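Participant: no sequence on this one, just coordinates:
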């Protein structure tokens, strides 16, 4: 059949070296299948080492391999299935459905690798997404076609933040979305599967307005790496060939970096800083560049990033930090303050915010908020030791507003009926600008601090003031 | 037929032999190249094939001309043990360096030995009264336990041990092993002298102590198997004599260190920092040969030269696991003039538990720990501000804690010379009484100099009169 | 009389504070410098070990 | 209870304690003592996991303690460098995350078609210097569903057992909390959080 | 001279597809800097148009001054501003005032 037949020579982890026969060069980045009593082990060809001996990375677990096993060649990068047939049905890295909602329903395939869209292809967005999440809406508006980036620490409900985004934004937007999970727990997986069945986004009968690619961290590091490529190609089929404007979601992209770092060592490369792959920049670059809004479709990626020990100075977060468009920083501390959303308001920044883009009023309002908060933080040290007393009357009004603004940001989420147990609230962007404007004007500086805490809009704050009064 | 070989390489003290004869001596066999200095004892550690071993060299490795005859003495070096090896100081190869004539031997046992099984273990719970107040309060020793020191650069590490020998080893009256790995010659000479002087070695009499001394002049490889030799001497006592013993090891940092040196030469990618990949296994083997079986209850005292006081360095870290109780000694606390220099917030014992040592003792100790932790907490405030800017309630605590710290300094009898103050041995019951009172501030109203460098509460009270004059 | 002593005391105290704080700056500065050097060296050693293989 | 790297004597005391407390009956103790080989130590959690899976498979509910996982990492380091594999960050092999993750992820609450079988897992990591940036601790933190930080200062402070409740998190939150206990402890979280903020201010 | 108003990639291929470059040489990219004697001391300013830059931190010509700062703080905006103020001078006809920014 495929004359490309190889005999294993060395199984040493993910590295499996094969000794293909004369004249058989399975090109770099091809996909090899080795028939095994476990199924077909997929090896992605990653080097030619000479005399028809390749060095390949495994994409499925290694065990039982016998030196000499016949190796067929698919002949090209892993060919996934694409279609609207991929909607619904969870798809594992190789492509096989692991929720087993029938066989591969797709009629088309595409390779995992692809060449990033050219400079010419790029189309500059300016449409402004509305998330309904107030901190986002005023202080770092997201853009429809954006590359939103959820830098944050583990266990802040990194997933929870994303779940809220899917909960609001995904259903709201008509277009398909692809939920791609890179190296996440099957606990999280089951929750996500259940949750989007619950929100009905996954429609078991009838088309789902989403496709799912759950890649979990129980898969070898190599397999973890090419979960990203797989998800991306599905998105590309939607973006390009169906022309749909999609909103990509990937989770957690530090796992993508981490995965690459692990197989770097195995590939025998000189380990770089904090053990990261030397190819860190270009590998990130290929992934990130592939994800973009073109003159074809518009992709709105939301990428979770895990910042190890909350040090953004760690090169891997910093590299991603450059490649993204609309950063969001989620302060663990602020989560602990009980403020949910847990966003770090000063550090969250989106280039999208501009007096032209969101209008002069929005800009001015947001400048005033930022200044108020920045002052509050600056004064926080003074209040700490000296004690607030000799800080001006003006300062006291600013501080009073800041403590209030700090808790006006707080606003429950429906998917944190699980957590907080408070039904969600999502307020229109235009309305949020108005409501925050009111706070700054100080018309509600007679309202108690706790009557701003964990509630929606200004109307709600007023209602909770009345409620607390009673 | 002694298995002959030639010396293929002489890369440091990790000589390599090539057995010309078929079938090489196995790993952990012992070999003699009969040097013009006497013999050199080498131990097979790798087989590199083609009948070429790579061997640890236990004596000096200079003057070696490549190609030298080998003879196979087989198996691990079998040291000589006996009930007549009591009071001998033996070299790495077991040769009596004290040279009170040829060694008296009966059974010679291999240096390497397997650690006794899970079922052979006997689990103790015995208390051992130290008489050192800080020890008694914070981490009371357990008889048959494994006690450990995590001191700085010979910060009276030896002195601390000497006090233990002085108190515990004359109290114990069982067999006892002193093994000093990488001991400095002066300290060794002093110990040998002291033992002979205090009759624990009576040279025409008999000794209830036996001695192994390994100088830090000794080549690194030699030092590695000084420890293993000592463990064998101990096993003979543990098993064959069947008596509860003592064992002193000073320092097992030198054991770890020695291993790290040889590791590079052996050809091992050296694990982080630099320690050998086999650091855990080697430490493990050593510390599981040191154990209280149902054949004997081996009380162990192990000393760790913490390298630059970095407990985070892998060798101290892996030591903490293998010790029943620890008494980490801190350079700062030494500077404060507290001898014992034992850190009081970094001490622990498994024996310290309310049921085990009485609820009252535990309560007293709890309060001391809490108080001292408060004092440590308020170190920041104390420096940044003054003392008067502390809350009044806290200021009482601080004053009490200052007293507690000073109270902890108790002169040692072996250090009586060095301190210039006669030593103090304080009873466990007395110690509890003393702290109990201090926590209730009963005698608190007297100088912190009064508490400084004196024994029990009665002594403190008496010294208050001295100061008052 | 009291108030003048109070404001005077505050001046004295805050002055002595500046001195005490300065000393702490110096102690942590030495620690900082040592720590900074140590990190560079230890990381470098790891990189070298990897290259050596 | 899975015991990796611990001395035979410590383990032996532990089993006695369990027998004293009459509970060895429902206990299995899987051990790989300090003496036992580095390969066997490396293999020890994964074979403990299998012992657990028999419960999980049976639909039986069980709990597996992997104490301390940190010494497994030391063992795998020993293996890898004497398998002459390229050294990773801190010399631990460059596939340690995969090893630890596969071990931990086998514990699960299965579905009712699988008889609601569950192995429950508690990994235990001894933190060296409390360095949460240390490679073995960092890796584990990502993998696990919650962290239950314990603090030494508070131990000395006399909270014994000590719990660094400020850094303790459960990302999978409260729903395994008894309904009654959820009601009573409803504002306990808020109160403690306020206590922390207030206490900090109070120093100065 | 034809690279004015041209976005080119590294190889020189116009990625803005403004067709073949009217480039009068292909010149090596590994050549050394003008010698000590081939320098004249700075005597021409550059006006960035940003007030602080123009007064507080003067910018000459043929000199290298760093722009070192925190990540993605719109570092590029500060730079781009210089290009814009140079438009005024560029519009002019003096060949010392025609700074062709790259």
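Facilitator: Here it is on my side, so go on. Residues are numbered from 1 along each chain as shown, chains lettered A, B, ... in the order given.
Participant: Around chain A, which positions in chain D sit nearby?
Facilitator: Residues of chain D lying close to chain A by C-beta under 8 Å from any C-beta of the partner chain are D:85-89, D:93-95, D:97-98, D:101-102, D:105, D:108-109, D:132-133, D:135, D:138, D:141-143, D:145-147, D:166, D:169, D:171-173, D:175, D:190, D:193, D:197, D:201, D:204. Where C-beta positions appear, they are placed from N, C-alpha and C, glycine not excepted.
Participant: What of chain C?
Facilitator: Taking C-beta under 8 Å from any C-beta as the criterion, the neighbours of chain A within chain C are C:43, C:46-47, C:50-51.
Participant: Pick the one among those residues closest to residue A:16.
Facilitator: residue C:50 (22.3 Å; C-beta to C-beta).
Participant: Pull the number of nearby residues for that closest one.
Facilitator: Number of residues near residue C:50 (other C-beta atoms under 10 Å in any protein chain shown) recorded here: 21.
Participant: I'd assumed residue A:270 was in contact with it.
Facilitator: Yes: here residue C:50 reaches residue A:270: they are 5.9 Å apart, a contact under C-beta atoms under 8 Å.
Participant: Any idea what residue A:6 is bridged to?
Facilitator: Residue A:6 forms beta bridges with residue A:20, as assigned by DSSP bridges.
Participant: Once you drop chain neighbours, what's closest to the residue of the stretch 351-470 of chain A found nearest chain C?
Facilitator: Nearest residue of the stretch 351-470 of chain A to chain C: residue A:385, at 10.4 Å (C-beta to the nearest C-beta). Leaving aside its chain neighbours, residue A:385 sits nearest to residue D:204 (4.8 Å; criterion: C-beta to C-beta, 6 or more residues apart in numbering or on different chains).
Participant: tell me the contacts of that neighbour?
Facilitator: If you count contacts by C-beta atoms under 8 Å, 6 or more residues apart in numbering or on different chains, residue D:204 has them with A:384-385, B:381.
Participant: ok, now how distant is it from residue B:374?
Facilitator: Computed as C-beta to C-beta, to the nearest Å, the residue D:204 to residue B:374 distance reads 17 Å.
Participant: okay, now residue A:124: neighbour count?
Facilitator: There are 6 residues near residue A:124, going by other C-beta under 10 Å.
Participant: Just to check, residue A:395 is in contact with residue A:379?
Facilitator: Yes: judged on C-beta under 8 Å, residue A:395 makes contact with residue A:379 at a distance of 6.5 Å.
Participant: Report the set of residues contacting both of the two.
Facilitator: Taking C-beta under 8 Å, 6+ apart as the contact definition, residue A:395 and residue A:379 share the neighbouring residues residue A:388.
Participant: Helices along chain D, start to end?
Facilitator: Using DSSP state H, the helices of chain D run over D:8-20, D:38-58, D:70-81, D:96-104, D:135-143, D:152-156, D:179-184, D:188-203.
Participant: Chain C is nearest to which of those helices?
Facilitator: Nearest to chain C, of all the helices of chain D, is helix D:70-81, at 9.2 Å by C-beta to the nearest C-beta.
Participant: contacting residues around the most centrally placed residue in chain D?
Facilitator: The C-alpha lying nearest the average C-alpha coordinate of chain D belongs to residue D:123 (C-alpha atoms, centre = their mean; 1.8 Å). Neighbouring residues of residue D:123 by C-beta under 8 Å, 6+ apart: D:66, D:69, D:104, D:140, D:144.
Participant: Could you take those and lay them out as TSV, with extra columns for neighbour count?
Facilitator: As requested, those are exported to TSV (neighbours: other C-beta atoms under 10 Å in any protein chain shown):
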residue	neighbour count
D:66	25
D:69	22
D:104	23
D:140	24
D:144	21
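Participant: from the residues you listed, which is closest to residue E:40?
Facilitator: residue D:140 (63.3 Å).
Participant: hang on, the closest one packs against residue D:69?
Facilitator: Yes: contact criterion C-beta under 8 Å: residue D:140 and residue D:69 qualify, at 6.7 Å.
Participant: I'm done for today, thanks for sticking with me.
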